[PDB]
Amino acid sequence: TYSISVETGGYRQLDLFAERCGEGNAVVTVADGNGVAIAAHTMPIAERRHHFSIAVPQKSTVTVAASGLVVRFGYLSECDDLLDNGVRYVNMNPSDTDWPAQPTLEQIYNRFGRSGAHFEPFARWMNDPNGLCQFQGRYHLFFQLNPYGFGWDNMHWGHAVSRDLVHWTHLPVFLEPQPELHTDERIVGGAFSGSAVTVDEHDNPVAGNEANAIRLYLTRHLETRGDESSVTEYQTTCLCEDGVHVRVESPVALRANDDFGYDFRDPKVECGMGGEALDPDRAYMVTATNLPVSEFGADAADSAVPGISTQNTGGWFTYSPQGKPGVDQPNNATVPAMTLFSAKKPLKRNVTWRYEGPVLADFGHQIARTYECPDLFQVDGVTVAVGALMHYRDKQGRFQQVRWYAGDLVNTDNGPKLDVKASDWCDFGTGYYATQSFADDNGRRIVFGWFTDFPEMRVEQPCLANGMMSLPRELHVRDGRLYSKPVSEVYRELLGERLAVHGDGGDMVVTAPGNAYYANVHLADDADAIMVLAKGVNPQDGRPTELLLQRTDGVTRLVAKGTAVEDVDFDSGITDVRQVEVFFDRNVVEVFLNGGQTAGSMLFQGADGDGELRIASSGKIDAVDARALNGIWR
């Protein structure tokens, strides 16, 4: 019997995510200050995990008791003005011993292994960002979540809200796995990734500040463990009417035919596009899947036909981040495709979604298994598609990179097709994954990404989360190519005091307090140069690690010496780098070159305490602007 004490304050509800640990009755009870019973709840017999929501009295110290189960995640909720106050974490996990029952934000986040300025959950696992939108004056961030462990599991939707895209207020868990996933151990799945459309009370898409509800479109996943051919993915919709709670969910789009790949997920609904190829009275949805190559011309790998991207980054197929080339064989019959659907507005829950064909197929990377997390939007007069390539490493060794494709949406006999004029990677590092974008009330195109641990910098331990989001980036298309740069709010909120630059015999040195800093470096030429960004230790074998930006014979690349991805060529992909902008936040780096011509980022655990930035060039350094980086919790 595990027991904790909790002060409720202004909160009215106690949420506990419990796992059955014993054989018989699994019970949670609440008692008042004198031991008088307040509540008694029993986990349903058939369930091995259950989310409890227990009414608790305000302004009271209550005792929470568990028997036959173990809590992995908890919080107080249902206070006044939940959107502004948020939930307060409750620690009933016997493994999280470094935390009291109600740890402060300082106690939750100010720990070695955590970032200081990137979004992370209280603890447990998080991946893809979902449901990005501006709604009634606030930015809403949903995310794939597993509250029961450190790895991926049956998928929930976490939820956080913000007024500046920098500081986040935690909200209650939004969506949860299908109930049968906790009564049938043979299956796995849950509420997979999804997007958001702000609508009025009649489901007409409107600007977020004028909206009455958020409409979400997401993937439900059902899979029999050990049988790929059992994967059942479909698209559903639901409303958030008050900014916090979800309402009824119902399906909207199934695989159009048996030639769709079983992988068919991550719907992204875009309402603000135009041009001759689209119906202005219809909203458009891209989904990630694969299609038989027989649905395309025999010359698809080198053709001029619209809807096909042909650039081949010369990599190989492998289902593991470390897999070497030639071991396993790809699906030679399929090609990753973005299947397009449209529905007549208003987007009432019962309007049908018409299959429009594949708007994009990546024949240059046809050995990749399938797409993940697609997106289709228009910015600065150019249509852009963004998607991730499963089970593919590029020539440089980067696993499951996210690719952007820019061009003109053209009208064809077989539906809308993206005439690709250019393509490249969104991020020349590794682990920047699962991108989703949205348009705020002023038309800014803003993208979030999830940093997955391909560098193997995360180690399972208590009082820690596995997963963080990138800093929000603004997107533009300049000369037919995608640019990305942190939004103005990131600069406004996170850039702290200037840091002195002192000389060490040709080296420029900046001491970084708390190993969190920003640096803006201007180079005068294309000469060889080196920037030591951070040092640390390989968390698996204890080897010294070193993080560099280094230019050699015109090629600029990130270098992660001593890490598991030391053998990967993080080529920036551009020439004539003159501006280097660096955000290093304790255990993650994000680098922007030439004002966003290319961006590169990855996880890298720097040493605890103070850091150091070291700059040297065989040419001339024009200027160095280094500043301490603020935190978003304290």
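Residue numbers here begin at 1 and follow the sequence given.
- Once the C-alpha B-factors are averaged per stretch, 93 to 101 and 197 to 205 rank with 93 to 101 first.
- In this crystal structure, the stretch out of 225 to 233 and 409 to 417 whose C-alpha atoms carry the higher mean B factor is 409 to 417.
- If you compare the C-alpha temperature factors of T545, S423, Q378, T339 in the entry, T545 comes out highest.
- Across the residues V402, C463, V351, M126, the deposited record lists the maximum Cα B factor for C463.
- The entry lists a Cα temperature factor for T334 that places it in the lowest third of the chain's modelled residues.
- The deposited CA B-factor of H140 belongs to the lowest third of values across its chain.
- In the deposited entry, the Cα temperature factor of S67 places it in the highest third of its chain's modelled residues.
- The entry lists a Cα temperature factor for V27 that places it in the highest third of the chain's modelled residues.
- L593: CA B factor in the middle third of modelled residues in this chain (values from the PDB entry).
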